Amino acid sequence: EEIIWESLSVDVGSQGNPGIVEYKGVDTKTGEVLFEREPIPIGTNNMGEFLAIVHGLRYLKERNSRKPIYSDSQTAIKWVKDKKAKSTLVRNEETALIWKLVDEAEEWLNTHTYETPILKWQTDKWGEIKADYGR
């Protein structure tokens, strides 16, 4: 019902889907960019949404922060909860990098603990998530 302003917000941006993928995390309150991943040559929107959440978990754990993470992605929130990214993207030579990152993110989830609430950003009521790359 109410935005939790003391939080981290994440989003993906891409050129094509599948296509070049990047992601970033921002302070929900100020918009300050806290991390940004170098573009990955080929991935999907949902792989990027997933990697952004997991990177957020790692970022907050390293800093002993109990802030929640917002994502607008129903898919990525579920994949994190399941510790399994059920992407349809072909695993081939071209997609090796994104798949390595996804595999490594799952591996981290399977070897670490966290209490970070992962919250759905309600775009229809609140506008675009603060980490949005725009049009």
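One rule holds for the numbers: they count along the sequence shown, beginning at 1.
Student: Which of the two stretches, 67-75 or 26-34, shows the higher mean Cα temperature factor in the record?
Tutor: If you average the C-alpha B-factors of 67-75 and of 26-34, the larger mean comes out for 26-34.
Student: Per the entry, where is the mean C-alpha temperature factor higher: 82-90 or 47-55?
Tutor: Comparing 82-90 with 47-55, the higher mean C-alpha B-factor belongs to 82-90.
Student: Ranking every modelled residue in this chain by its Cα temperature factor as given in the entry, which third contains residue 116?
Tutor: Its C-alpha B-factor, which the entry lists for residue 116, ranks in the lowest third among residues of this chain.
Student: Ranking every modelled residue in this chain by its Cα temperature factor as given in the entry, which third contains residue 14?
Tutor: CA B-factor rank for residue 14: middle third.
Student: Using only modelled residues of the chain, where does the Cα B factor of residue 105 rank: lowest third, middle third or highest third?
Tutor: Its C-alpha B-factor, which the entry lists for residue 105, ranks in the lowest third among residues of this chain.
Student: How does the C-alpha B factor of residue 98 compare with the rest of the chain: lowest, middle or highest third?
Tutor: Middle third by C-alpha B-factor.
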